[PDB]
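Written below as structure tokens is the structure these notes are about.
A quick note on method: Cβ atoms are made from the backbone with ideal geometry, for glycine too, and the neighbour counts reach across all protein chains shown. Taken together, the values in this text are just the output of simple stated rules run on the coordinates, not laboratory data.
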Amino acid sequence: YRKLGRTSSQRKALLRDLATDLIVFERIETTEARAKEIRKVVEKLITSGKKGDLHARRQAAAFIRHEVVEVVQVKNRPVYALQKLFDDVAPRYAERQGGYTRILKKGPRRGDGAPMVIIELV
Amino acid sequence: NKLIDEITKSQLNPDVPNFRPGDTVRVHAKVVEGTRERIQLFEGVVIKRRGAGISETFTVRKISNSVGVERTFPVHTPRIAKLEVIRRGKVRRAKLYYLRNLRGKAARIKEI
Amino acid sequence: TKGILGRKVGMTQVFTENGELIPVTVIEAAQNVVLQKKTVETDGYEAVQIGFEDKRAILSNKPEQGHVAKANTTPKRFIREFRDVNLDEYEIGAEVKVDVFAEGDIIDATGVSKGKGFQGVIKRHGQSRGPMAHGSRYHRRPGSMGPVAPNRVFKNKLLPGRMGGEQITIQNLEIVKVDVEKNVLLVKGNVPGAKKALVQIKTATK
Amino acid sequence: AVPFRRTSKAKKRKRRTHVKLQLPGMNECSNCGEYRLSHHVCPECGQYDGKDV
Amino acid sequence: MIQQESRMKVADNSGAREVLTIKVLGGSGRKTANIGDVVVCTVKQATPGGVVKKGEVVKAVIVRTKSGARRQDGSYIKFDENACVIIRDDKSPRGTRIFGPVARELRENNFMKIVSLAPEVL
RNA sequence: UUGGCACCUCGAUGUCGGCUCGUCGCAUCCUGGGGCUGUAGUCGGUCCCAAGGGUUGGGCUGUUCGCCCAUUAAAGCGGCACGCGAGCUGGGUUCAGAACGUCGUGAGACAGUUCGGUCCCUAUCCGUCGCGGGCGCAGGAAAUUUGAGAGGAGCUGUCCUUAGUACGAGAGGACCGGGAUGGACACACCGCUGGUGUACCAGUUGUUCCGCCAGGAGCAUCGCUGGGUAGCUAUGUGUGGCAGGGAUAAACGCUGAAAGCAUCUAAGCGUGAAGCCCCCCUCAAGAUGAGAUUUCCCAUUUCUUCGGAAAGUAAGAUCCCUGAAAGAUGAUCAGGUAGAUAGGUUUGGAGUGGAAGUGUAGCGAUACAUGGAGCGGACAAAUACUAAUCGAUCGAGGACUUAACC
Ligand SMILES: [Mg+2]
Ligand SMILES: [Mg+2]
Ligand SMILES: [Mg+2]
Ligand SMILES: [Mg+2]
Ligand SMILES: [Mg+2]
Ligand SMILES: [Mg+2]
Ligand SMILES: [Mg+2]
Ligand SMILES: [Mg+2]
Ligand SMILES: [Mg+2]
Ligand SMILES: [Mg+2]
Ligand SMILES: [Mg+2]
Ligand SMILES: [Mg+2]
Ligand SMILES: [Mg+2]
Ligand SMILES: [Mg+2]
Ligand SMILES: [Mg+2]
Ligand SMILES: [Mg+2]
Ligand SMILES: [Mg+2]
Ligand SMILES: [Mg+2]
Ligand SMILES: [Mg+2]
Ligand SMILES: [Mg+2]
Ligand SMILES: [Mg+2]
Ligand SMILES: [Mg+2]
Ligand SMILES: [Mg+2]
Ligand SMILES: [Mg+2]
Ligand SMILES: [Mg+2]
Ligand SMILES: [Zn+2]
């Protein structure tokens, strides 16, 4: 596995942040090295989602960030990233065995020449 | 490796009973003393069981004459005539290395 | 003198009839074919050229296909020559099975050692460290490059550089078991290379 | 530690024989009709040359 | 796995309580001694009124070590502590009794009198 | 070595000892071969050949040296700026402080002592160790290779037997030969024994957070603690220096004159060292002397009076992309849908050690059940779900002379 110029705890924080971003936004632009690490972590969260039971929900909850995706209005209640993973994202990949993400190469960033990519759910 | 599993399968001793670390076992070990082959009982607590297939080993600890002695065996060695589980211990971990520092009473394993 | 090419599958152990426990390397040697016989008349030396593992057509080229067509076989991953063999044995296109060896046969295993990349003098040449304390600023360094007089460094001053990936021959390994239906040799002890490494097994020169 | 002699123009230029860029790996797209890096998305069309987005 | 300056409990009846290894015998640059090896040692602690006295330079055979011994069958033996027995040039012990268990490797090396006196030979 | 001289260096050639790394000489310490012996044997003495390899760890002292302890086959002597400070150390010496003895009226000083006291530097060139790119090698390619030449290796103990024989009055006690098993060293490898294992499992403290409980997360050295996979590893395991061959050294001879004898030598034959050259291991055709074998592609187009030129291609290779058994980067190797190359997924496995939820028992901490459970980086096998799309670029057309077949 990749060390992304970060200590162990910094790297876990980064992976959790990006994992949540990809579940929330469904399409993010990041560096190639980050995307090639994110696909592993996000596809395992979607697997937990497909599993669906309380034990898997709590394994996902230990990783996913406590972020509000949106407010739906029934009274109006927020929707949390974990709820989206288990209620929105997971089910759409019910019949698809793996390969929930794809990485499109974009081009180098101006300020540091970093090779940027789109990683997206599909 | 599937091919190494197939090649070694024959050497697996099926007589080996189910034991875990914490179990008291009596190892009937064959001993070549000069010319004739003897049977020497080594009875103690199973301290460790590591590895896979024909490479699997276990280690038995006893206090002989006030000195801790650890005997490590291949599980499937044919130099063990018989391995009998005397009592099932209640332990909370796979490796009982903490027993190496404890002497009688403090080193007692509860029976199940 | 007999020889074969196999891949290193991995290491395990076997109990002998005695009761002793010995470490073994499992060499899988399926699909060895005799491709070409070199004679003193043609090439200036006696050798049999053995092709080892079958290879997908698209991974071969027309030069390769033409060479193995002479022996009515498919392209081969590895091709190696064996010298000191009897050319009366070996027909072109003949399979070379592991039963050319028997239990107790003493063999020499040749392969390429595992790659360690750029390595210092401590790991690469087993040199001594300088002191780690007592004011020392010398720890994993190569030692003096030499005396002053020859205003230069002599030619075998051992220094850091790429470490493994060299051809190695381990001499006098006993064959412990020979399984024809599995195309498996069990060789006592270890042979050079990572798992899946090419290993050349031939009869011990000594 | 320090240069014993200044480096001549010739020697400096020889050293720089290998200090150069390579041409980028590019090719004309069919749908766009303009150059693009292989294995990248073409911005002119606005998607991956093959896979529509 | 005993070297110069290694201290050992004396597992016998002679005066010696503790010895310090002066030299591993049998080789110009031989670093380590194992079970059944003879070492030259000095007596650091004595039992008052014992035969062997403090400061005496003696030969001792190592009868058990924390670094154990491998056996050809593929089994190992390891003890809780390093003990030795003080011997004459003929491999007989200076003492009359041997204390604690003793490794079978002694019987092979031909320390027959020690093997006989030992309460257990593992 | 102690010295003599003052020739290089005072716009600086760092000076003792140690460490690291060695390399060379032989006047040889050990091991090999041999002559003489005041050589019975076992031990020795002395000389000759021999530099292949080997040649210990401690106590004291800044030490070198030396003495001592314990080993060893042996603990060699020298050179390399008393080898090696842009490699290290800095105890000693050779700075400022202070003190003692001593000398000096004194400031201060030492055939002396004592405690303390800044060791800078990003490597240009050659050199050394690794690793690429270019072109060459009378066509262009893909493999397999010969070995000119080079490097590596080269050590040695003990026990048993021969044999209590030979030898000796006894005491003691062999050569030669055969076998076993070590030390040190080297190479490989992780199945074993262990080590490590910061994206594996578990326990646990404080505090903050997830609204609360439950269950979790953050931070505290990875918070700490007990384990541990792959990988990397030694202290672990396997293997090696086996046995030879050729020519020699000292030496021993045979035949043999010169010199009717004698004489190993002049002609001529043989024996004969761990040494030389092979044998063993590795690199090696830039070996420009550019070698060999097998296989593949073929003689295209337009020009150039002319020689030649350029421009599409062949076999083949590369860019680019997925990577690891490879790796600083290049490179190498495995793959690119003619698809298991990587990720995911599904089954496993190691490892951990019994999840959550629920229930039962208990006043409760907790225990038990459901259930070798749950988790499970890097390991295994399947699976085309995701990404290896689509492209492009480079790359022959083979000079002349002579001979032989023909
Ligand atoms: Mg932390
Ligand atoms: Mg590597
Ligand atoms: Mg050292
Ligand atoms: Mg340091
Ligand atoms: Mg010169
Ligand atoms: Mg003058
Ligand atoms: Mg100057
Ligand atoms: Mg000489
Ligand atoms: Mg000097
Ligand atoms: Mg110095
Ligand atoms: Mg210098
Ligand atoms: Mg006075
Ligand atoms: Mg001072
Ligand atoms: Mg430097
Ligand atoms: Mg430079
Ligand atoms: Mg040359
Ligand atoms: Mg291991
Ligand atoms: Mg391990
Ligand atoms: Mg907490
Ligand atoms: Mg709570
Ligand atoms: Mg804070
Ligand atoms: Mg004569
Ligand atoms: Mg001869
Ligand atoms: Mg030798
Ligand atoms: Mg695979
Ligand atoms: Zn396009």
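Ratio of chain E's C-alpha Rg to 2.2 N^0.38 Å, to two decimals? List each step's numbers first, then the result.
Working: Rg = 13.3 Å, N = 122, 2.2 N^0.38 = 13.7 Å.
The reported ratio for this selection is 0.98.
From the phi of every residue in the stretch E:69-78, what ³J(HN,Hα) in whole Hz does the Karplus formula 6.51 cos²θ - 1.76 cosθ + 1.60 yield, where θ is phi - 60° and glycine or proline is x?
9, 7, 10, 4, 4, x, 8, 10, 9, 9
If contacts are Cα pairs under 8 angstrom and at least 6 residues apart, what is the relative contact order of chain E in percent? Let's see the in-between values first.
Working: 301 pairs, mean separation 28.0, N = 122.
Reported relative contact order: 23 percent.
Using a simple spin-label model with points 7 Å from Cα along the Cα→Cβ vector, what separation in nm is obtained for A:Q83 and D:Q47?
According to this spin-label approximation, the distance is 3.3 nm.
What does the average come to when, for each residue of peptide E:74-84, you count the partner chain Cβ atoms lying within 10 Å of its Cβ?
Details: counts 15, 13, 6, 5, 8, 5, 11, 2, 0, 1, 0.
Per residue, the average neighbour count from other chains is 6.
Straight distance only, please: which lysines reach the Cα of E:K113 with their own Cα at less than 21 Å, same-chain residues fewer than 8 apart left out?
Counting by Cα, and skipping residues close in sequence, E:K113 has these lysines nearby: E:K9, E:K59, E:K91.
Can you list the trypsin sites (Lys or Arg not before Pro) in the stretch B:1-94 that are in a DSSP coil and have 10 or fewer other beta carbons within 10 angstrom? Intermediate results must be reported in sequence, preceding the final value.
Working: sites: B:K2, B:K9, B:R26, B:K30, B:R36, B:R38, B:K48, B:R49, B:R50, B:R61, B:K62, B:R71, B:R79, B:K82, B:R87, B:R88, B:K90, B:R92, B:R93; in loops: B:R79, B:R88, B:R92, B:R93.
For trypsin sites (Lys or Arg not before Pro) across the stretch B:1-94 that sit outside H, G, I, E and B with at most 10 neighbouring Cβ atoms in 10 Å, the list reads B:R92, B:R93.
Return a whole-number percent for the relative contact order of the stretch B:1-92, with Cα pairs under 8 Å and 6 or more residues apart as the contact set.
Details: 167 pairs, mean separation 31.7, N = 92.
With pairs under 8 Å counted, the relative contact order is 34 percent.
Please go through the stretch E:1-79 and write out the GluC sites (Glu not before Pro) that DSSP classes as loop and that have at most 12 other C-beta atoms within 10 Å.
Details: sites: E:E5, E:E18, E:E56; in loops: E:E5, E:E56.
Answer in residue order: E:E5.
Along each principal axis of its Cα atoms, how long is the stretch A:37-122 end to end? Whole angstroms, biggest number first, please.
Sorted from largest, the Cα extents of the stretch A:37-122 read 46, 33, 23 Å.
Could I have the simple spin-label model distance between C:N151 and D:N27, label points 7 Å from Cα toward Cβ, reported in nm to one decimal?
Reported label-point gap for C:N151 and D:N27 is 5.8 nm.
Remind me, what semi-axes does the stretch C:111-206 give for its equivalent ellipsoid, largest first in whole Å, using sqrt of 5 times each Cα gyration tensor eigenvalue?
On the way: eigenvalues 334, 52, 28 Å².
Taking √(5λ) for each Cα gyration eigenvalue gives 41, 16, 12 Å.
For C:177-183, what's the mean count of beta carbons from other chains sitting within 10 Å of each residue's beta carbon?
Details: counts 1, 0, 3, 0, 0, 3, 1.
The mean count of partner-chain Cβ atoms within 10 Å per residue comes to 1.
Taking Cα centroids, how far is the stretch E:57-79 from the stretch C:136-206 in Å?
Result: 32 Å between the Cα centres.
Loop sites only, by DSSP: take the chymotrypsin sites (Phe, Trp or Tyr not before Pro) in chain C that have at most 13 other C-beta atoms within 10 Å and name the longest stretch containing none of them.
Values: sites that count: C:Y45, C:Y138, C:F154.
Answer from the scan: C:46-137.
Please list, by residue number, every one of the trypsin sites (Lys or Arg not before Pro) in the stretch C:64-166 that is coil in DSSP and has at most 10 other beta-carbon atoms within 10 Å.
Numbers: sites: C:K70, C:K76, C:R77, C:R80, C:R83, C:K97, C:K114, C:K116, C:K123, C:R124, C:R129, C:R137, C:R140, C:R152, C:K155, C:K157, C:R162; in loops: C:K70, C:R77, C:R83, C:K97, C:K114, C:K116, C:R129, C:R137, C:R140, C:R152, C:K155, C:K157.
Within the stretch C:64-166, the qualifying trypsin sites (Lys or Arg not before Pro) (loop, at most 10 other Cβ atoms within 10 Å) are C:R137, C:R152, C:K155.
Calculate the translational D of chain C in whole µm² s⁻¹ from Stokes-Einstein, where the hydrodynamic radius comes from the Kirkwood formula applied to all Cα pairs, the temperature is 20 °C and the viscosity 1.002 mPa s. If you can, show how the numbers build up before the last one.
Details: Rh = 20.1 Å.
Value of D from the Cα-based Kirkwood radius: 107 µm²/s.
Tell me the Rg and the Dmax, in Å, that the Cα atoms of chain B produce.
Over chain B's Cα set, Rg and Dmax evaluate to 15.2, 47 Å.
What's the longest uninterrupted piece of chain C once you rule out the GluC sites (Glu not before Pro) that are loop residues per DSSP with at most 14 other Cβ within 10 Å? Could you put the intermediate results ahead of the total?
Working: sites that count: C:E17, C:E20, C:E41, C:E89, C:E91, C:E103, C:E166, C:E181.
Longest run free of exposed loop sites: C:104-165.
Run the Debye formula on the Cα coordinates of the protein assembly as shown, all scatterers equal and no solvent, and tell me log10 I(q)/I(0) at q = 0.07, 0.09, 0.10 1/Å.
Summing over Cα pairs of the protein assembly as shown leads to -0.85, -1.22, -1.28.
Using only atoms on other chains, find how many Cβ atoms lie within 10 Å of each Cβ of peptide C:14-25 and report the average. All intermediate terms of the calculation are to be shown ahead of the outcome.
Numbers: counts 5, 12, 3, 1, 3, 9, 5, 14, 2, 2, 3, 0.
Mean inter-chain Cβ contacts per residue within 10 Å come to 5.
How compact is the stretch C:27-125 by the rule of thumb for globular proteins, expressed as Cα Rg over 2.2 N^0.38 Å?
Working: Rg = 17.0 Å, N = 99, 2.2 N^0.38 = 12.6 Å.
The value comes to 1.35.
Expressed as a rounded percentage, what relative contact order does chain C have, with Cα pairs under 8 Å and six or more residues apart?
30
Any idea how far apart E:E5 and D:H39 come out in nm if each label point goes 7 Å out from Cα toward Cβ?
Going from the E:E5 label point to the D:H39 one covers 5.7 nm.
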